[PDB]
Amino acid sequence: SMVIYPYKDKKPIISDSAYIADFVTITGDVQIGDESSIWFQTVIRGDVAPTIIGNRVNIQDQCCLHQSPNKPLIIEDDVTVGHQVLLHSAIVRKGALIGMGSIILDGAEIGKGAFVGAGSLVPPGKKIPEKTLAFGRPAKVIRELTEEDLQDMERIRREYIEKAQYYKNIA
C-alpha cells in the first residue's frame, strides 16, 4: 500500500481516476489529475513549495519529486516521467518526456513535447526548447523531434493510462 500525509494546512488532492501504486509516499501540497499514475516506490513530498501534476501524467517507478523554496514543481498534462528520475522544482510542459535516470533541477523548464534523453542532467534555470531532443550532463539540444519520435511518445502515454487502470484493479 501507500502513505499519504498532510503537511501543516496542505493535504494531497488526488483524482478518483488516478492510480497510486504500492510503496508510494505523497505528502502536503500535491495535486494529481485525472488518469495520472504514480508508480512503485515513488516519493512526492509537497512540504517546501506547491506540486501540481496534470491529467494523463505517468510518474514511473522510484522517482523523487521535491522543491526548493518559492519554486513550484509543475508537471503539465500528458507528461511521461521515466524510471528513477529526480525532479526538483522543475517546470515540465505538456506532452514532454523525461528520460529514465535523468535529474532535472531547480527552475529548469522542459518545453512542450520535448524529449530529455535517458541519464541526462538539466542544470538549474536551463530551458529545453519545445519538440527537441536534449541529452547529456549537462543536457545539450541535439535535434528537432520527428513525427516518428512524437508517435512513440504518444504510444507510451496511452500504454501507461491503460496499465494504470489494470494495476489499480489488481491492487
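When you see a residue number, it is the position in the sequence shown, counting from 1.
Trainee: Name the higher of the two by mean Cα B-factor in the PDB entry, 125-133 versus 140-148.
Mentor: It is 140-148 that shows the higher mean C-alpha B-factor.
Trainee: Looking only at CA atoms, which has the higher mean B factor in the entry: 56-64 or 106-114?
Mentor: On average, C-alpha B-factors are higher across 106-114.
Trainee: Considering only modelled residues of the same chain, in which third does the CA B-factor of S37 rank: lowest, middle or highest?
Mentor: Lowest third.
Trainee: Which third, lowest, middle or highest, does the C-alpha temperature factor of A18 belong to within its own chain?
Mentor: Middle third, going by the recorded CA B-factors of the chain.
Trainee: Name the third of the chain's ranked CA B-factors that contains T27, choosing lowest, middle or highest.
Mentor: Lowest third of the chain for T27's C-alpha B-factor.
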